[PDB]
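The structure appears below as structure tokens.
Quick reminder, even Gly has a Cβ in these numbers, built from the backbone with ideal geometry, and neighbours come from all protein chains shown. No lab work stands behind these numbers, since they all come straight from the coordinates.
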Amino acid sequence: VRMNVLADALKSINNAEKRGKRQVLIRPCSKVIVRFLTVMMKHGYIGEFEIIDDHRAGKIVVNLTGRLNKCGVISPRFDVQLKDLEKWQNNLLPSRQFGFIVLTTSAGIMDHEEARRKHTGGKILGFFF
Amino acid sequence: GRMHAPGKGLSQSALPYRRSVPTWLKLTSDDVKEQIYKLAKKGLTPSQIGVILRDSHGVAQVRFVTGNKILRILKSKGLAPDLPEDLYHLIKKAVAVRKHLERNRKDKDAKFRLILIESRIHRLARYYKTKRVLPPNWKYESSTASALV
Amino acid sequence: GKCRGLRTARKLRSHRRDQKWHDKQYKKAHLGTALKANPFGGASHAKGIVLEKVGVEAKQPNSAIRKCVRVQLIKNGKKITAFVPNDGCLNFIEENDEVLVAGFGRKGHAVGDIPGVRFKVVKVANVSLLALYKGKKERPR
RNA sequence: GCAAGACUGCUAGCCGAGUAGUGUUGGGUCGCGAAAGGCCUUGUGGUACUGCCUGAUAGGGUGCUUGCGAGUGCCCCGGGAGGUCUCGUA
RNA sequence: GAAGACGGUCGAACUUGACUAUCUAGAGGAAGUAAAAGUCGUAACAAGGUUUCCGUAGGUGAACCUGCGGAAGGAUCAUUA
RNA sequence: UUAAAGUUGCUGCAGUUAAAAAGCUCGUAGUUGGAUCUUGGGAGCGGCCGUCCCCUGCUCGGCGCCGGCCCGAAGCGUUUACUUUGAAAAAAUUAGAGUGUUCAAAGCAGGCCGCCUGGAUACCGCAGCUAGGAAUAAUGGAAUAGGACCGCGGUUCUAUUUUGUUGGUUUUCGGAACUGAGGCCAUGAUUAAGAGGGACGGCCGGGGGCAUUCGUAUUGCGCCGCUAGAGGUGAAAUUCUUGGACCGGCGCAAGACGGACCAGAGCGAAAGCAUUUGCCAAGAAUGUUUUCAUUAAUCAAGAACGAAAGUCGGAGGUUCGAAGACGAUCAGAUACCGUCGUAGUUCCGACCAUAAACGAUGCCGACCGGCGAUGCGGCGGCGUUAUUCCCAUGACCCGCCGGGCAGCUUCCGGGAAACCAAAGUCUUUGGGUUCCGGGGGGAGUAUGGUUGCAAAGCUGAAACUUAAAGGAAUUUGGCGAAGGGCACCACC
RNA sequence: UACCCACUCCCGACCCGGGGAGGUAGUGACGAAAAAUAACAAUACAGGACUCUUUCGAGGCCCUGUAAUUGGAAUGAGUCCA
């Protein structure tokens, strides 16, 4: 039964990137997937997406480039303090020069270096590189 | 897939995109409510009310021609039965299984399906207690056949 | 872990506790039967009295006989057998002498060529076997 | 009311007529099917091809050559006559 | 205003009796381990010379054997209208 | 005793074959939970982008003011965790700035000709307290409207600043409870998940239970004509027979089982189901513009079913047949084989819960290549047959949809390999949830508990011994395996 | 089966008494920090470094090393006025 829509959708686009497709249709639509693909497009790893609107839970179709390697997820949502950000980004990021981890905060859904420069933590949501 | 059956399945309705009444139907919403009243006075279940209202007069859905659903109108007037129709059908199926098992003792599969039906009853009764429809002291025992239908 | 919930802490703690307690190297130290079975009681060295000298058999690819001295302790009076390590050192031990029995090095296992022993001898007549073998000192009489 | 196209049923003169009679499973306008007689302009040409039965030169059950497997030929009538059809042989 | 006494309370302890946990006689039988040579036969591993194995029953010096129901971890992935 | 031990796996184990999915379902605590509620407007510091102002209000008094605005404030504007700041948080020990104990481990000393001084900080998981933020799981109102808002109209109990110095009055000033009619709002219910339950119509299946009917075959009895033989093995016998064995034919009687059709076919959770007909009760699948609206797979503790054999009371006892009794193979058969033969094999009941109960691979949900058949239901299209015409029905064919047992190829990808569309989406480890195993024996053994009339089922060790026991695969070996070729030291 | 209230403190009528609280020692390889047992010369000998004799061979002042040889400069353990 479907509970975590985010993990299934990101594993779907991960398998689409691994196989070699260019468009993929993920079935559920939440706000969190819209914000995650939003910051995904902001940080330049994938192509521009389309969201189809129905009178139900909608779908998202994404145009894929070959710049992404892995689109993981963390379940459940562990809280992350600012002293413990290096603990996660040392053993989960592949390098310090790239690889970008996202955590939801009181301000919005946003990555780790912007959370460092505005000094606000929150629970962890997912990661990519 | 199914809750008790082993296999999966995919067979359900698919309402269209348009939230609009059909243009070719001039059947007034007050009149639609009047057939809902008289077919409910005939003594049917709201699934049967919906399928006959879709069938004869050819309306897409009650929710588009009106603002409510069928059971909302029935509880607005107050002639709806207090027992839910799915619980009524499941209790009637259970007492039919009990009447079948009254004469047959070695039929183990009927007893197994009886345990499954009682499990489904106990699973749905706590939801109908939780959403505050049924009284909190209501319970389905093994002997309620002359008082409960 | 198999269960990856947010609020499932002592399910996994109980599973770790049970499968840690169901080990062998962990169960060797946390049960009193192992300490009650060892005559040393967790002691490194122990004192004992020699009552006889016995020749023991050996293993299959190396056929010989080895020299084991039978040592009776003072903790419980248990009758155990030790093993004289070096060459030509059996004649220094006779009946009714105090010796310092110790371990051997495999946590109470029969080591190598000699079956049925797990301890050796370090001192005899309050002087070490190394002194009596190398001729560092002289055995008192 | 103009106005021709696309295919099609039957009869080989037309009417009697799809009339008796037949009939399937569930139906319908219902498949099949002559004739006595009349009106008489007086009744079409090229071309194949046919073992038996149920129920068309239909469909399908099934055939013959001699040991084998397959081809050839195989409705009736009149006349000329000869004498065991081929391809390879478990 | 001392000694001493009847009552109350907290009470160490004593006698009788049951019970509980550890160590130690314990006649005797039932078992496995460490090894190089003693008799019957090779039960299983190659159609182990009776295909092997698993549950449940039954007698025997011995591995073992025989019904009943399954398995292929088997020697059959297949037997021609 | 710790790291090595990714051999305790929170990060971060394994479960087909190396140790390990309860036989399979139901189910209470606990765990995990679909989508959706607010965005933008007005202008600026600058070479369109980075800093950046607003996004609930009604009494006391204040950079100010000319009856009115703003500002300071006793009084407040439902609620958890997270996140950052702040207080309170003994010292030494941990980290760490300063200085030549000559270095250093230490110590808090010490330096310029009376003065200068430092002798700090950081950390102190949780839990408790105070604050700007509402992204994330749930809480929350209004649906029989005892729903909000400005108001209209009445009943009861009480505070003083009001009524000639004064004994005394309801008032006025105003506190609280109850309360009748109407107006006012945009008057109050988001949908219908390739989640779930239920209803509807055609149908599908050795799915169940009850009652029926049929088919040979076995054995026995009764009769008929026949002859001295049926028993079995690479080899004989124990067995029955002029008291007619054996075979053929006619009839009767009992019990068992439903061959050929009978399939990598169907149903059931699993064990398991195959002669016809009738009755009852379900259940998956396809169809839906029907109904209810997050009711959701997972399962400690609890319950139903459960091959064969095992025990207990009846009915009938045909074949087969553990034990038991003989003959031969044999040196030894108490084992293979042959002849009788007990319980059991069958039903009605009453029990126990075991298998190689095995896809040796838990359940739910999604994603990632192809191909042809098969079974159900539906969606259409040539054409043939129910004889010839017209539509739908059964059958033939073409192609599609959803679920299921499956099949062929494939470095998708994985693994120790055999192999696997899962045994993949695993160091680029994280979708959720029960059970189970850390070398091999001792041993599923001692003992304790517990169910059982009985065998046993579950839970379940310790001591002691060894460095191996094990899983996949090429090559030599030998087969009381299969299939080929060779030779006058083999045969014809 | 040690010495003393002098340093740090503590009762007590109290500058002045007491304290095996403590301090000072001796034993001590629990453990930690520093740090001796060697440096200086070359004939006796294998040439690496720079140029010629194809290669042995001269200069080799820095030489990598090493043989109970030599005149040597030095400091400590310990003995020992203070």
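List the number of the failed condition for C:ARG141; all other conditions in (1) away from RNA strand F (no atom under 16 Å from the Cβ); (2) touching a residue at least 12 places away in the same chain (Cβ under 8 Å) hold.
Just one mismatch for C:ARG141, condition (2).
Would it be correct to say that A:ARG77 is within 14 Å of chain C (Cβ to nearest Cβ) and within 11 Å of RNA strand F (Cβ to nearest atom)? Lay out the reasoning, then the answer.
Details: within 14 Å of chain C (Cβ to nearest Cβ): yes; within 11 Å of RNA strand F (Cβ to nearest atom): yes.
Yes: the conditions hold for A:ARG77.
Give me the residue from the range B:1-26 that is surrounded by 10 or more Cβ atoms within 10 Å (Cβ to Cβ), within 13 Å of chain A (Cβ to nearest Cβ) and more than 30 Å from B:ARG123 (Cα to Cα) and, out of that set, nearest to RNA strand F (Cβ to nearest atom).
Ranking the qualifying residues of the range B:1-26, first place goes to B:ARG19.
Going through the range C:19-54 one residue at a time, which ones are under 20 Å from C:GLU98 (Cα atoms) and within 16 Å of RNA strand E (Cβ to nearest atom)? Before you say what the answer is, go through the steps one by one.
So in the range C:19-54, the residues under 20 Å from C:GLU98 (Cα atoms) come out as C:39-41, C:43-54.
Answer for the range C:19-54, where residues must be under 20 Å from C:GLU98 (Cα atoms) and within 16 Å of RNA strand E (Cβ to nearest atom): C:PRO39, C:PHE40, C:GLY41, C:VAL54.
Considering only residues that are within 14 Å of RNA strand F (Cβ to nearest atom) and surrounded by 12 or more Cβ atoms within 10 Å (Cβ to Cβ), which ones fall in the range C:44-56?
First pass over the range C:44-56, keeping only residues within 14 Å of RNA strand F (Cβ to nearest atom): C:44, C:56.
C:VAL56, the sole residue that qualifies.
Test each condition in (1) over 21 Å from C:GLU138 (Cβ atoms); (2) surrounded by 12 or more Cβ atoms within 10 Å (Cβ to Cβ) for C:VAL99 and report the one that comes out false.
With respect to (1) over 21 Å from C:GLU138 (Cβ atoms); (2) surrounded by 12 or more Cβ atoms within 10 Å (Cβ to Cβ), C:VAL99 is out only on (1).
Quick check, is C:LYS59 among the charged types (D, E, K, R), on the phi < 0 side of the Ramachandran plot and in a strand (DSSP E or B)? Even if it seems obvious, please write down each step before you answer.
Working: among the charged types (D, E, K, R): yes; on the phi < 0 side of the Ramachandran plot: yes; in a strand (DSSP E or B): no.
Judged against the criteria, C:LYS59 is not a match.
Given the residues C:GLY88, C:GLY77, C:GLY41, which is the only one that is in a loop (DSSP other than H, G, I, E, B), more than 14 Å from chain A (Cβ to nearest Cβ), over 14 Å from C:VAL122 (Cα atoms) and within 15 Å of RNA strand F (Cβ to nearest atom)? Give the steps one after another, and end with the answer.
Numbers: C:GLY88 fails: within 15 Å of RNA strand F (Cβ to nearest atom); C:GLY77 fails: within 15 Å of RNA strand F (Cβ to nearest atom).
Just a single option satisfies the conditions, and that option is C:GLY41.
For the range C:12-24: of the residues being away from chain A (no Cβ under 14 Å) and near RNA strand F (Cβ under 7 Å from one of its atoms), which is surrounded by the fewest Cβ atoms within 10 Å (Cβ to Cβ)? Break it down into steps so the answer makes sense when it comes.
First, pick out the residues of the range C:12-24 that are away from chain A (no Cβ under 14 Å): C:13-24.
Retained after the next criterion (residues that are near RNA strand F (Cβ under 7 Å from one of its atoms)): C:15-16, C:19-20, C:22-24.
Working: C:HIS15: 13, C:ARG16: 12, C:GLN19: 10, C:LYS20: 11, C:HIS22: 9, C:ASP23: 10, C:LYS24: 6.
Among them, the one singled out is C:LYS24.
More than 7 Å from RNA strand F (Cβ to nearest atom) and within 14 Å of another protein chain (Cβ to nearest Cβ), is that true of C:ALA9? Talk me through it step by step, then tell me what you get.
On the way: more than 7 Å from RNA strand F (Cβ to nearest atom): yes; within 14 Å of another protein chain (Cβ to nearest Cβ): yes.
So C:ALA9 fits the description; yes.
Which numbered condition in (1) surrounded by 13 or more Cβ atoms within 10 Å (Cβ to Cβ); (2) within 19 Å of C:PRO115 (Cα to Cα); (3) within 14 Å of RNA strand E (Cβ to nearest atom) is the only one that C:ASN62 fails?
Failed condition: (1).
Among the residues that make up the range B:75-84, is at least one of them more than 7 Å from RNA strand F (Cβ to nearest atom) and among the hydroxyl-bearing types (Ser, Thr, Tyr)?
no
Of the residues B:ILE115, B:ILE91, which single one is surrounded by 14 or more Cβ atoms within 10 Å (Cβ to Cβ) and not in a loop (DSSP other than H, G, I, E, B)? Give the steps one after another, and end with the answer.
Numbers: B:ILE115 fails: surrounded by 14 or more Cβ atoms within 10 Å (Cβ to Cβ).
Of B:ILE115, B:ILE91, the one residue that is surrounded by 14 or more Cβ atoms within 10 Å (Cβ to Cβ) and not in a loop (DSSP other than H, G, I, E, B) is B:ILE91.
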